[PDB]
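In the structure tokens that follow, a single protein chain appears in two forms: structure 1, then structure 2.
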Structure 1
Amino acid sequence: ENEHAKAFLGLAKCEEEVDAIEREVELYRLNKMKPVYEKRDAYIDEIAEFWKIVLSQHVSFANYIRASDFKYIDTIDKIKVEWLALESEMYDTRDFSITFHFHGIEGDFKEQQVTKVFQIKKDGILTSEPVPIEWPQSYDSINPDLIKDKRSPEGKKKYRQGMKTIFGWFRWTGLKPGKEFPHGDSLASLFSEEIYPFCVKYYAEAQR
């Protein structure tokens, strides 16, 4: 019992050392990868429908967003993730900004660049701040900033629809559970951990 307690305490400390190691290793990886991502993304910028192809290829991504969203997701010409811990070691290694550029759709959806920023709070949860994005005209009836009667049976339905779109995700903060785009934090991690890092592999899978 004292032998086991001694062992458990020893193991608790070993686990902290492992965490310390994982951070140091990830920081090193991030630094080494930065110039490689810069070169890679320059080649990607030359590829026609790269991101459209990549986002239709990811198995999980489609589950997070509305079917109607896909005509607008098809307009993404650039995705850029930047890891904040490269700016400051005070950041968690999971902290990042993501920049989208949409080419837009004539007469319906604005050509625009949008940057959303994700940071860990105290384990640890991703949080964000809302960022301006212009919603497409097709979505005017489900646009949160446009809906007139939010607490009227029809308006509640319309508010709920709008907030489950990819555009609702740009409002997500992670600070009001149950009131925001569902699983906004999981979607964020999908971009930082899967989509952005492995996009070229997804693009090749879509060809094969």
Structure 2
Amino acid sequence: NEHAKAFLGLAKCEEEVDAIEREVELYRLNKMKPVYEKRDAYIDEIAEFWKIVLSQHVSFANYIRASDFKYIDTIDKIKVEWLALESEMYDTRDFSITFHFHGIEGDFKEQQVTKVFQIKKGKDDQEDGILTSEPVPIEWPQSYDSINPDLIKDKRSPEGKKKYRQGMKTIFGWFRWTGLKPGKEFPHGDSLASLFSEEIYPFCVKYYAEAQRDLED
């Protein structure tokens, strides 16, 4: 009973710490907001910053088709916003992410697109929970309409089942990824997302430097 009292105490302790993780993570997220704005403003005076930074990332290239880079090269702003800052009802891991594309005159439309990702809870299989999104509208390259899902004739065709697949594997297919339709969506959409929120956006500068360290050589 002096022995059981203690197990309970520790269990309450273990949970104080959970609470402190979030409280710290928020603290950090707020200190970083201004600094990201300053930084992002400077990023913006470098005009091929994201082009460079995205061709040099090892994993990122793996998530998307070679063909996609035509369009990835037209990305010129990326802003991540941590939604837990806007409201205490989001996981500190929640964020929205906004891309601006310069488009390719006559093929790809210049556009700004935001996608949000929030953790959803499970029934004991959570592991913190899982990341999910909803489809956000983006306008596909005119080339890609051969594999644009909104623009395809029939999934069942043998041709038709192959194009929809190839299209869902593009960066654009990722834009309608939700994480709630297994084996029907862009592969590892959640991993690419976290990649942006945890690796690419927070350290893009470091990657741009490494990219230049690698061009000189």
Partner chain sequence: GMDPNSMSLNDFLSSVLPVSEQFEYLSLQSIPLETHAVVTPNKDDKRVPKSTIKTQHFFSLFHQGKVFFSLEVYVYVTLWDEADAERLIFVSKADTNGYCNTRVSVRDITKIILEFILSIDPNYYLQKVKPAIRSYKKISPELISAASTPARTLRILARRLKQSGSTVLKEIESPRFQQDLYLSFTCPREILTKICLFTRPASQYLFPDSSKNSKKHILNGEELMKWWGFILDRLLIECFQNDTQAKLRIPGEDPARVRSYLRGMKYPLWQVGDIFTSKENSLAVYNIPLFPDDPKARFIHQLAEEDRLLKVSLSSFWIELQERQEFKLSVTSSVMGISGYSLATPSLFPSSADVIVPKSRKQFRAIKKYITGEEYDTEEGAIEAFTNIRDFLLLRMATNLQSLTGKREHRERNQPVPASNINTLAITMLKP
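Heads up, when I say rigid core I mean the largest set of C-alphas that superpose within 1.5 Å between the two forms. Sequence positions of structure 1, starting at 1, serve as the residue numbers. Residues that one form lacks are left out of the comparison.
Of the two forms shown, the one deposited without its partner chain is structure 1, not structure 2. After superposing the rigid core, the C-alpha of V200 moves by less than 2 Å between structures 1 and 2. The Cα position of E16 changes by 3.2 Å between structures 1 and 2 once both are aligned on the rigid core. For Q57, the Cα deviation between structures 1 and 2 after core superposition amounts to 1.3 Å.
Core superposition between structures 1 and 2 reveals a single run of 3 or more residues with every CA shifted by 2 angstroms or more: 2 to 21.
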